[PDB]
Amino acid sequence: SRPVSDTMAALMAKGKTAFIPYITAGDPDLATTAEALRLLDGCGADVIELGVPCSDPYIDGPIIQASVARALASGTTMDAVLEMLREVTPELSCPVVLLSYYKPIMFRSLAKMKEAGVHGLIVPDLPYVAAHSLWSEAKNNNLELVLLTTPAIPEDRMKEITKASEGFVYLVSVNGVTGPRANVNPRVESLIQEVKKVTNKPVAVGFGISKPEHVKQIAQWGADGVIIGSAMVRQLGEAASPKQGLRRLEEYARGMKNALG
């Protein structure tokens, strides 16, 4: 598969918005995560974000936090996630971006994620003190360090972020952005456009949005990619069984692929 940056560039030259599913590795088990990764690919996922469970995933929404807890109770570890990727990556046509909080990786060299076929890395709580050391190490291993920005980061720092980021710029929020009459809040349109104004990099938007009309609107407001997380993790990991999870995940993902096209 291609780097994340190349995959994104190509969609943007074509006027197309990337479909970026997010699932948590190990929920409900790693054999099911493998099969999910292959199904997501076959439904036309452009990039897949894959979460490594940790004991405090405080930047994630509650659906994803509950999935992370389930993945830690299935005894899932960084090493077991890398072993699975090493088998599954050669079969996927699209790149994987690993998401992990900083403490589990603070002790790694990133040599073993590269070897396992990971292309990108997202460290949501990356320390300001460590961000350059990790960028350098990711570079030295041929991995792209994808950075978050949020509506809380002032404009001048947001610009420094966009410059340092690789693969795409990832715009997220810990705050919900849809209202009680089930509309996307209009301030989201400005939030995406503030970041597009300062960079030529692909801006991918992870705001917790799952309905096909809503996903279409985030695209139409200029996102280059839409990360669909909570709703994918629900379909897969809140089902009656792994088999039903996968059937539900495929139907949902086809519908999101259709919406975004």
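Throughout, we count residues from 1 along the sequence that is shown.
Participant: Which has the higher mean CA temperature factor in the PDB entry, 126-134 or 164-172?
Facilitator: According to the PDB entry, the answer is 164-172.
Participant: Identify the stretch, either 138-146 or 106-114, whose C-alpha atoms have the larger mean B-factor according to the entry.
Facilitator: Higher mean C-alpha B-factor: 106-114.
Participant: Select lowest, middle or highest to describe the third in which the CA B-factor of residue 45 falls within its chain in this entry.
Facilitator: Tercile = lowest for this residue's CA B-factor.
Participant: Lowest, middle or highest third: where is residue 155 by C-alpha B factor in its chain?
Facilitator: Top third by C-alpha B-factor.
Participant: Which third of the chain holds residue 235 when residues are ordered by C-alpha B factor: lowest, middle or highest?
Facilitator: Middle third of the chain for residue 235's C-alpha B-factor.
Participant: According to the PDB entry, is the CA B factor of residue 91 in the bottom, middle or top third of its chain, that is, lowest, middle or highest?
Facilitator: It falls in the top third of the chain.
Participant: Looking at the entry's B-factor column for C-alpha atoms only, identify whether residue 225 ranks in the lowest, middle or highest third of its chain.
Facilitator: Ranked within chain, residue 225 CA B lands in the lowest tercile.
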